[PDB]
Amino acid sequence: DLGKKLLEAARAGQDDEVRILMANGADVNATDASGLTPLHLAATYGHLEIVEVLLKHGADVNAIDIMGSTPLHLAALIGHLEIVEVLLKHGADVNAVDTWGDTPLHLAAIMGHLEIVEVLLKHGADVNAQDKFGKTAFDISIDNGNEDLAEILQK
């Protein structure tokens, strides 16, 4: 099964291995047991070149795993700015909501990825989006005393 091998090559950052598997029919939209796709894993682990190649060959930019996480959620959580940009250019849903009520904006705010917060805002991130406890990204910045983040979120 070339799907499980593509999932592993995407996570590991094995560019050539990714190219070969797709050339032999590997399912670009294969899922692991939790619903993660090669694009999820390459976005999580920071493999920008594999992200771009997957998006060139039919990857669903907005696929969700079993917890509602999209690739943009994971890129924003881990802090891969260039990958965030590529995903948005290819149609990523800037306001996708996962099973915890989090948007990519929530996750970039929590982890202090301020440059990514700015990019998400510029692409229409919803400042009024509440997680399951009622918190927006701005609420998190106030509760946290993160003055740099709060300034950014008031623009």
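Don't overthink the numbering: it's just position in the shown sequence, from 1.
- Look at the C-alpha B-factors of 22-30 and of 60-68. On average they run higher in 22-30.
- The mean C-alpha temperature factor is higher for 116-124 when 102-110 and 116-124 are set side by side.
- In this PDB entry, the Cα temperature factor of residue 9 sits in the top third of its chain's modelled residues, the highest group.
- Among all modelled residues in its chain, residue 39 ranks in the middle third by Cα B-factor.
- Remark: residue 53 belongs to the highest third of its chain, ranked by C-alpha B-factor as recorded.
- The PDB entry assigns residue 146 a C-alpha temperature factor belonging to the middle third of its chain's modelled residues.
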